[PDB]
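What follows is a single structure, and I will ask about it in a moment.
Chains here go by letter, A, B, C, D, E, F, G, H, I and J, matching the order in which they are written, and residues are numbered from 1 within each.
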Amino acid sequence: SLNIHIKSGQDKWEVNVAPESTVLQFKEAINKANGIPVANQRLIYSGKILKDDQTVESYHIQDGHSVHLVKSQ
Amino acid sequence: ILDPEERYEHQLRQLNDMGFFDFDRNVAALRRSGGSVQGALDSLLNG
Amino acid sequence: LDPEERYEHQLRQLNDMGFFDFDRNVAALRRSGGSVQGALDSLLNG
Amino acid sequence: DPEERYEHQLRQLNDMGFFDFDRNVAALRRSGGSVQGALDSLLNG
Amino acid sequence: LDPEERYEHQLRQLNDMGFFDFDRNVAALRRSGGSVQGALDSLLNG
Amino acid sequence: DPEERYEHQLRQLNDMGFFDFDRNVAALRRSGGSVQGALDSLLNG
Amino acid sequence: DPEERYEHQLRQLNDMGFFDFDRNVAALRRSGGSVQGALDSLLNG
Amino acid sequence: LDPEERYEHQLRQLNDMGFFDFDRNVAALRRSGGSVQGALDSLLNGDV
Amino acid sequence: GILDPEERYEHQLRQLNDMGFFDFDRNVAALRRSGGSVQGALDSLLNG
Amino acid sequence: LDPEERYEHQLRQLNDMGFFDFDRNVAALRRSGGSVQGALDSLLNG
C-alpha cells in the first residue's frame, strides 16, 4: 500500500492508496479527505497529467512522494 | 530586473517541482500566461 | 509595446481564473482597455 | 483602430461598469472621444 | 466618410462644452459648415 | 441639399461671424454661391 | 425660380463685383440669360 | 543575496553528486528556480 | 553571531589543510562555492 | 573549548618554534582548522 503527499497553493494532505487502485479511485480518496470534488481535481506527477483510467503505480509514484493538485473548471 | 530567472523564480520552481524541467518552454509558457502557473501548466500540457 | 508585456498583470489574473486562451484574452482586454473586470464579462459571452 | 484609438476612454468606461465594447465605441465616436459625453449617451441610448 | 469621422474634432469640442446630443450637434455643424463657433451659437437658440 | 452644396461658403461666412443659416443660404443663392457677393448682401440685409 | 435658373450667370456677375440681385436678374431676363449682354446692361442701366 | 549563500543547500547536493562546476550549477539552478531535481536534469543535457 | 567562516567550515578547513591546501581565502572561496563539500572544493582548488 | 584549552597541543608546538604571539597563533589556527602545518605556513606570510 502506497502513502502519498498531495499539494495545492500552500496546502498539503496525506492519502492512502493501494498501488493498483485507478487514478479515479485515487481522486475519490483525496476528495474523501480534503473537499475538492473528483471532477475538479487535475493531478500532476513527473511532468504528466495523471489520467483517470490508469493504475497509480503505472506512474511509478513511490511511497512518500508528492503528487500535485491543480483545481480546475 | 528584468531577467526571466529572477522574474519567474517562484513559478519556475513550481513547474520544476512538477517535473517541467525545460527552461525555455517554461518561460515561453509563463510569458503567455502572464506569470500564472495555473495557465502555463495548461499550456505545457498541450504545447 | 507587446501584448504579453503590456497586459502581464491582467493576463495573469485571467489565467488564474481558468481563461487560458491567449488570443481570446488579448482580444477581450484590448476591447476593455485593459480592464480585467471588463474582459471577464466579455469572455463569459463575449 | 478603435481599441487603440479609444484606449484610455474604453478603460474609464469599463472601470465604471460599461462592458459592452460595441456600445462604447459607438457612443465614443458620437461624442468625438469625450468620456463625459459617451457616458451620457450610454445612460439613455 | 461619415459624420463622426468628419466632424471629430468639432464633436469633441461641443461634447467638452456639455453639448451631448449627437443629432443636434451634426445638424448644427452641417449648417455652420463645420464651424464650432457657428454651431455653438445655433445650439444656444435652435 | 444646401448644407452640402454651400459647405465651403457656409464655413467662410460662419468664420466671419455670420451664424444665421437661413440668412446665409438666402444670401448665397442670390449671389450664385459667391461668398464675396453674399457678404455684401448680408451687410445691408 | 430666378436664383436656380440664373445660378451659373449670377455667380459670374457676383464674381465681377455686381452684387445687386434685383439688378442682375433684371439685366439677365432682358438679355435672355446672356452674361455678356447683362454685363453691358449693368454698365449703363 | 549572493549565489553561494542563496543556493547553499542545493550547491551542496550537486557537489555531493559530483557536479563540481560552480558557474554551471548556479546557471542550472537559477533556471530551475532553485530546484535541485530540475537543475540536475538540466546539467545532464547541457541544457546548461 | 551566526556564523563565521573559520567556525563554520572548521572540519573542512582542517581536511584541506591536512592535504596541503594552506590558503585560507582560497579555501573559504572554494568551499562557499561547493556549499561546504570538501570533495567539491578540492576539485575547484586543483584548477583555479 | 576555550582557545588555550582547545589548541593546547598546537599552541605548544608553535611556541616551541618561536611563534610567541598568542592572538596571531589562535588566528592562524582557527583558519587552518587546528592544523599546525597550515598555521605555520600562514604565520610565515600573513
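The definition used in the following text is that contacts are C-beta pairs under 8 Å (C-beta built on N, C-alpha and C of every residue); 3 or more make two chains touch, one makes a residue touch a chain.
Visitor: If you tally contacting C-beta pairs, which comes out ahead, E-F or A-B? Let me know.
Guide: The greater number of contacts lies at E-F.
Visitor: Can you identify the chain nearest the overall CA centroid, using each chain's own CA centroid?
Guide: Chain C is the most central one.
Visitor: From chain F, which chain is the farthest off, judged by mean CA positions?
Guide: Chain J.
Visitor: Chain B to chain D: how many Å between their CA centres?
Guide: Taking the average C-alpha coordinate of chain B and of chain D, the gap between them is 36 Å.
Visitor: Starting from the mean Cα coordinates of chain C and chain G, work out the distance between those two points in Å.
Guide: Each chain's C-alpha centroid was found; their separation is 69 Å.
Visitor: Averaged over CA atoms, how far is the centre of chain E from the centre of chain J? Could you give it in whole Å?
Guide: Inter-chain centre distance comes to 96 Å.
Visitor: How many angstrom lie between the centres of chain A and chain H, each centre taken as the mean Cα position?
Guide: Here chain A and chain H have centroids separated by 29 Å.
Visitor: Multi-chain contacts only, two chains or more: what residues does chain I have there?
Guide: none
Visitor: Kindly provide every pair of chains that touch.
Guide: A-B, B-C, B-H, C-D, D-E, E-F, F-G, H-I, I-J
Visitor: Any idea which chain J residues touch chain I in the complex?
Guide: 30-35, 37-38, 41-42
Visitor: Considering only the defined contacts, which chain B positions touch chain H in the complex?
Guide: Interface residues on the chain B side: 5-6, 8-17, 21-23.
Visitor: Using the touch rule from the top, collect the residues of chain A that touch chain B in their complex.
Guide: By the definition above, chain A touches chain B via 44-49, 66, 68, 70.
Visitor: Tell me, which parts of chain B touch chain A in their complex?
Guide: Chain B residues touching chain A: 17-21, 38, 41, 45.
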